[PDB]
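Notes for the structure review
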There are 6 protein chains.
Amino acid sequence: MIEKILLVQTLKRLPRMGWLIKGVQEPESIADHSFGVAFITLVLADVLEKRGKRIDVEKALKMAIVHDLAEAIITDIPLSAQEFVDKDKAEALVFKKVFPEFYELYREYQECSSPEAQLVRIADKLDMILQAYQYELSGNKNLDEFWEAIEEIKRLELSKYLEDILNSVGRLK
Amino acid sequence: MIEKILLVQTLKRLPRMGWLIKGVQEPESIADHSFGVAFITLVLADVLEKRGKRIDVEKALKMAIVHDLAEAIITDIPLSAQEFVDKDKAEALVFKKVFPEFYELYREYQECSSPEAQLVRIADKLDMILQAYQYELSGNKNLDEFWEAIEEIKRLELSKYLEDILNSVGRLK
Amino acid sequence: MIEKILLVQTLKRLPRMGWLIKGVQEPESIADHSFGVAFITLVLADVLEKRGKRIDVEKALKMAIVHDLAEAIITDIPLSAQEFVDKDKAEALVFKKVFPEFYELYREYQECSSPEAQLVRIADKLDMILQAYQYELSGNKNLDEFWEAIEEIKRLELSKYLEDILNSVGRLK
Amino acid sequence: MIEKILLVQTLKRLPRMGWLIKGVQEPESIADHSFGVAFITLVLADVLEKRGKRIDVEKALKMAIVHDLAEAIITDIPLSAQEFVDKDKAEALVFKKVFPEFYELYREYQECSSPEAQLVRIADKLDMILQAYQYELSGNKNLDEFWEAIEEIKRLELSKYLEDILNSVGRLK
Amino acid sequence: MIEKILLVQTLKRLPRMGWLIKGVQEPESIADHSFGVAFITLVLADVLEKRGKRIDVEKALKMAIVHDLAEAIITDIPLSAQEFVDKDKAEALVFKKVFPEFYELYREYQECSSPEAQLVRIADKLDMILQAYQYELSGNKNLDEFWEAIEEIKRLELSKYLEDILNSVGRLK
Amino acid sequence: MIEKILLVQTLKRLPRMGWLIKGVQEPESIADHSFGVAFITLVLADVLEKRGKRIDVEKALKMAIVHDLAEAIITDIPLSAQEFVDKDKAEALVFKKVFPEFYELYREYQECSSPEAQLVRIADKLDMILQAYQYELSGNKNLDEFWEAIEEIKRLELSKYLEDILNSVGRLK
Ligand code: NI
Ligand code: NI
Ligand code: NI
Ligand code: NI
Ligand code: NI
Ligand code: NI
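A few points on the structure.

This part covers the packing of aromatic side chains. Per the stated rule, a full pass over the model turns up 47 aromatic pairs over all chains. With a centroid separation of 5.9 Å and 55° between ring planes, the pair formed by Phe95 of chain B and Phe99 of chain B is classed as tilted. The exposure class of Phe95 of chain B is buried, given its relative accessible area of 0%. For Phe99 of chain B, a relative accessible area of 0% translates into the label buried. An aromatic cluster is present here, built from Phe39 of chain A together with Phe95, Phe99, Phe102, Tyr103 and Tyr106 of chain C joined pairwise through their rings. Taking NZ or CZ as reference, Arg121 of chain A lies 4.2 Å from the ring centre of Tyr109 of chain A, over its face.

Spelled out as structure tokens, the structure:
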């Protein structure tokens with residue numbers, strides 16, 4: 001339906017708030033980010049494929065495309081604000097009322113248990129670490145917490161199959 | 001303290017979300033909006049003064065300067081998102097923890113009972129309405145809803161002393 | 001590999017040129033556009049699914065994700081410029097030199113024969129038509145031509161299953 | 001009156017020209033700046049309050065709100081340009097013709113003699129210094145001059161009560 | 001000298017203020033404008049050549065390039081502000097102290113007597129009118145006044161040779 | 001003709017793509033760049049004049065104004081993309097079909113043989129180098145390659161007369 005699409009297209013206009021709070025001049029939109037997660041999810045899926053780890057690619061890509069979809073209505077409430085706002089409670093609600101067809105993908109994603117759910121989570125973090133890397137090259141000097149994003153990925157089983165990649169990333173540091 | 005000032009200066013960086021969601025190019029920041037509320041509050045207290053309506057101007061101006069201060073942390077969570085997000089609960093928390101010295105000003109502003117409180121509330125809406133007016137001249141054609149804030153103002157006792165001004169405003173549409 | 005991902009991420013920075021030439025302020029990025037294509041592809045896929053038309057969703061989503069990938073190097077050369085530049089020849093080249101793993105998806109996409117290929121093409125054109133619609137609500141009045149993409153969609157067999165939707169779209173103008 | 005307010009709101013749209021000349025991407029508007037001045041003035045007034053220095057806060061806040069009001073018409077003519085244009089003479093004129101009701105506040109502010117006038121001047125400069133600080137964190141490296149405004153503040157009697165604070169500020173450099 | 005060139009390049013960063021005041025969000029820079037004046041000057045000069053009117057093209061092109069050069073220091077102070085600021089006085093000063101080598105071109109330009117001086121003045125106005133045209137297509141609806149510059153052009157002798165063109169321009173409204 | 005002028009005015013809207021790819025936030029337009037080339041060409045012409053090297057200044061200035069004119073149609077296709085696109089072939093075509101009157105100024109410029117051709121080429125690069133310099137002051141740290149344009153300049157005979165200037169430029173790095 002046209003009304004749903006027009007709604008999700010608001011993501012092209014919504015900024016990724018963390019960057020603004022860090023003084024990043026023209027930050028990427030939530031949609032730019034979502035594209036990045038989707039692409040990294042695709043690329044990583046192939047790597048996992050040829051390393052013996054089988055992944056339900058379809059589910060993965062759908063999960064990457066829809067993972068931040070609730071923000072089309074509640075916006076990318078930054079982590080710094082989440083000490084005062086329950087963004088999680090809000091997301092579930094929106095998915096249950098506005099995006100019921102995607103609530104299963106959302107629910108599984110939050111659980112971060114399945115191979116697909118962990119992949120998207122890793123793609124989410126990599127797009128960010130690497131986006132931070134870019135903004136650093138642009139001159140921003142307060143993109144400080146990366147050893148804890150890298151470390152957050154390391155805490156996921158699925159990372160075991162990607163250690164060499166995550167090593168190249170931390171090497172950009 | 002410098003830390004606090006640096007924190008509130010974030011307002012210059014955070015956009016007024018309602019405009020973004022409506023597709024407005026280069027929307028004003030929260031600080032831009034706050035200045036306007038501060039000015040209109042000044043001007044309107046002036047008018048109330050010479051019409052026999054007693055106003056604690058000092059408290060009013062303070063209230064106007066601090067009214068959206070919590071957003072320095074939680075951002076300008078749009079109305080469209082407040083169906084899933086309790087923004088007011090979040091604001092009270094930030095004020096209680098991060099701006100305890102302004103909690104009472106905030107608390108009185110939320111109650112919208114006292115003359116000062118309703119004045120700032122009226123200034124807040126007028127800035128917005130007049131801002132929607134300006135963006136329409138820029139070419140945006142979906143800010144229509146914003147003009148029903150005139151009716152919200154009319155439901156406040158204090159507006160009884162400003163009727164004339166509210167109608168000039170409505171005539172701008 | 002990190003080098004590939006960083007490259008594709010350039011898409012978040014490159015603008016969709018047609019909008020600039022038409023004078024739109026702050027035009028979407030190629031990545032914004034791609035995300036949209038990917039979402040519409042998802043949504044339409046499931047519409048086709050429960051209408052008897054079988055779609056290899058995995059291939060479709062992958063196809064939508066990488067359809068404009070060559071632009072990460074070529075940039076979104078506008079249609080007005082393609083009378084002097086062979087964007088098609090340049091794309092193919094990028095894809096078999098830089099993106100050989102995606103050359104098949106690209107090649108099938110260009111042929112616009114398979115159900116998936118036509119679906120992505122339709123997603124591509126709808127995102128744009130709907131994007132033009134949004135910019136018009138912003139005030140831009142010379143995006144008229146963009147609406148004749150509805151006819152371009154009608155010329156594809158797969159649209160046969162979407163007539164009701166296409167009607168709602170054209171109804172927006 | 002609506003016309004006046006609409007005029008003052010022009011400040012949301014005008015840049016603070018010093019940043020532009022120095023190459024800063026998206027510089028704050030004059031209204032962004034004013035709000036900061038108003039806030040710092042509020043904060044500093046409380047500090048002065050509990051340190052034995054009585055301040056007429058109401059006048060101080062009005063003064064901060066109105067201090068750059070003439071730029072709504074003349075724009076924030078940069079210091080580098082003032083060697084060829086008498087901004088001061090321009091400001092007074094705009095204030096007597098267009099803002100006669102704020103001329104006294106402006107006149108006192110320019111004299112920088114009274115406690116309130118020096119407070120607002122101190123707020124004006126702290127906002128700027130802190131703003132320069134923020135832009136340096138974004139990568140701009142030619143804002144060094146802006147830091148010698150600490151010395152300009154030291155030359156004001158009122159600073160005597162704020163030694164500790166301006167120490168912390170110069171410490172940020 | 002490098003210092004001079006770096007100074008004039010500031011024109012790439014400074015906005016043409018009239019547009020900002022009128023609410024046009026991403027206004028051209030003074031350098032954008034100057035390039036247009038230079039191009040129109042070139043184009044018209046050729047038309048004038050084929051029409052019997054001989055022009056000192058070299059002088060005209062230099063005059064077009066240098067005409068707003070003083071703004072590199074004084075900024076494009078808007079017409080609405082020139083009721084309170086003598087922009088002309090300031091311009092001559094800059095040219096005398098900073099651009100002595102270009103003072104003659106400036107002086108002759110302001111006199112608007114010679115064929116070259118009038119040509120640049122016409123070019124200056126045409127770029128502006130055509131620029132207002134483009135911003136109206138973008139949705140701005142308060143640039144009406146800018147069209148009365150066609151009349152200002154008619155008052156110049158040289159226009160006599162360009163009637164047909166001025167008609168095509170006025171026809172765009 | 002009004003159609004031609006409007007076309008070339010597109011240059012004000014089109015970004016210089018190299019900067020974008022490098023992460024520069026607000027890049028200069030092609031028009032901004034052309035103005036700078038036009039100014040530097042003027043300034044250097046005078047220098048050459050008083051050093052015994054005679055230059056057809058009229059041709060030089062015309063050549064600097066239209067040197068990147070084809071980009072009004074094909075855009076500023078970056079150097080990084082030219083391994084896949086033949087920008088040169090594309091430019092010549094546009095000039096032959098759309099700018100026939102400026103074709104020989106274009107062809108001479110490309111040959112980089114005549115004093116005027118080499119002067120514009122040197123202005124072209126100097127503007128870029130100095131533009132790179134400015135962006136580095138803004139915080140961008142990956143513009144290093146752009147400084148090897150000094151060596152490209154040295155390869156042109158005409159530079160023999162400018163050694164001292166080139167030394168001041170390289171001195172800025
Ligand atoms: Ni995400
Ligand atoms: Ni508010
Ligand atoms: Ni596409
Ligand atoms: Ni100020
Ligand atoms: Ni001009
Ligand atoms: Ni060039």
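As enumerated under the stated definition, the model contains 86 salt bridges over all chains in all. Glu152 of chain B is paired through a salt bridge with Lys125 of chain B; the nearest N and O atoms lie 3.4 Å apart. With a gap of 27 residues between them, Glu152 of chain B in helix 9 (residues 149-154) and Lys125 of chain B in helix 8 (residues 115-138) connect regions that are remote in the sequence. For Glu152 of chain B, a relative accessible area of 32% corresponds to the partly exposed category. The partner of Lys87 of chain E in a salt bridge is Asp76 of chain E, with the nearest N and O atoms 3.0 Å apart. Taken together, the residues span a long stretch of sequence, with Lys87 of chain E in helix 6 (residues 87-97) and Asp76 of chain E in the loop between helix 5 (71-74) and helix 6 at a distance of eleven residues. Both residues of the pair, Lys87 of chain E and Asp76 of chain E, belong to the buried class. Through salt bridges with shared partners, one network takes in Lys12 of chain A together with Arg16, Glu28 and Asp127 of chain C.

Take chain E, turn it by 180°, move it 0.0 Å along the axis, and it overlays chain F with an RMSD of 0.1 Å. A rotation of that kind, with that shift, is consistent with a two-fold axis. Of the interface residues in chain E, 100% have counterparts in chain F that sit at the interface too, so the contact is made through matching surfaces.

Cut-offs used in this document
Residues numbered from 1 in each chain as written, not as in the entry; some residues may be left out. Chains lettered and ligands numbered in written order. Heavy atoms only, no water. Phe/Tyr/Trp six-rings, centres within 6.5 Å; stacked < 30°, edge-to-face > 60°. Buried < 20%, exposed > 50% of the residue type's maximum accessible area, 1.4 Å probe, protein only. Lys NZ or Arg CZ within 6 Å of the ring centre and 35° of its normal. Salt bridge = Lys/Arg side-chain N within 4 Å of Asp/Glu carboxyl O. Helix = DSSP H or I, 4+ residues; strand = E, 2+ residues; numbered from the N terminus. Least-squares fit on C-alpha atoms. Contact = heavy atoms within 4.5 Å.

So yeah, pure geometry; function would need other evidence.
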